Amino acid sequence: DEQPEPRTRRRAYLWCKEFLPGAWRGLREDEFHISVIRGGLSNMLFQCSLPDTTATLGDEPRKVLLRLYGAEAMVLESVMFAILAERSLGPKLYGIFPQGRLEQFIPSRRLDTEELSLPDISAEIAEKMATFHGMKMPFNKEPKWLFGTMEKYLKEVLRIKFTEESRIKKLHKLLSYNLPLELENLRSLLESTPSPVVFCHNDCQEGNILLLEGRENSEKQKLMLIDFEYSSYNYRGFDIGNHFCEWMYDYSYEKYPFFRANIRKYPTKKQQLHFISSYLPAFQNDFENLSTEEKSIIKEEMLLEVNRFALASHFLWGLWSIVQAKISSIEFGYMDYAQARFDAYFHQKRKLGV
């Protein structure tokens, strides 16, 4: 596909030749194949490969994925990526340098929103998240990510002024909900809602779940979670409730605001039980050996836990989205998205009687 500018082709050639082994070490300028996967100012993706006629010398890859940043956290994320790679929970790490990195190229596609509700898919997503939740990572285990982040973003939101008329409007409506009071109502609800602290993805939407090419008939091993840039030790209820929220949001819409929201698409109780029934035995591990009574009590408690934490997904991503409306160049209806999440927050409160 249509090439990057010559500037980056050169740098991409150098990075591949120097960081990759076998036939890559002796590739010349004229033999280098690169095409753009995703452009933009930040987090660009290119596919890079050897000529179809060059043979590999050993077990080096024929095709790799280059990721470039654009514009502390960067050390943590790299270490995280490298660990996942070592454990076979993520794409392999082939090179790491200031401007970005070289990763394994996984033939696949992203899931669509409508696929999240398919029983086989939903069950596997549950299995993988549980596995994720169960591993050790060399990061801070005090759960300050969630309210630390909402407070930070809220503070910034109170400070924003917009220059354009309609954004000033939309902002005025959102501020009229009294966000600082509403945040303390949330804290109180969640502080009396026990949830184990675990290693969370925190952004487990369909764009971050790959359907692996050639495994489409596997029932339980056709997927992989990617993109852990928001990962942290956090309440388990947030990770699961955030995922459920994402059943309602489709970002493949091609016209402004470049998403659709549908409250009726939140998972039914039946559907939520199917997800947590798959999660628990994969997360607790002698869960199956409990009495039907005990299991049912745990499930019922977990349903309260996750639907309450779901409120924090709306509230966090609502605030985040307001800030993005000021500072991002990406074409997306950030303010309308914010209003959508806040509508769902208040609908969900009403559902719960909270």
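For every residue, the number given is its place in the sequence shown, counted from 1. Whichever C-alpha set is largest while still superposing within 1.5 Å between the two forms counts as the rigid core.
Per-stretch RMS Cα distance to the displayed form in 9 other deposited structures of this protein, following rigid core alignment, is highest for 157-165 when 182-190 and 157-165 are compared. Two stretches, 234-242 and 166-174, are weighed by how far their CA atoms sit from the shown form in 9 other deposited structures of this protein after rigid core superposition; the farther one is 166-174. Per the record, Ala71 and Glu72 are separated by a gap of 10 or more residues from the deposited sequence that were not modelled. Higher mean CA temperature factor between 197-205 and 145-153: 145-153, per the PDB entry.
Legend: mean Cα B-factor per stretch from the PDB entry, 235-243 versus 216-224; the higher mean is in 216-224. Considering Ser166, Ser78, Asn185, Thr131 together, the PDB entry gives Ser166 the largest C-alpha B factor.
Listed residues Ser49, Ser321, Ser313, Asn307 were ranked by CA B-factor as deposited; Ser49 comes out on top. Annotation for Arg7: C-alpha temperature factor in the highest third relative to the rest of the modelled chain, per the entry. When all modelled residues of the chain are sorted by CA temperature factor, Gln284 is found within the highest third. Among the modelled residues of the chain, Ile160 sits in the highest third by CA temperature factor in this PDB entry. In this PDB entry, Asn140 carries a Cα temperature factor that places it within the lowest third of its chain's modelled residues. When the CA B factors of the chain's modelled residues are split into thirds, the value for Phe342 lands in the lowest one.
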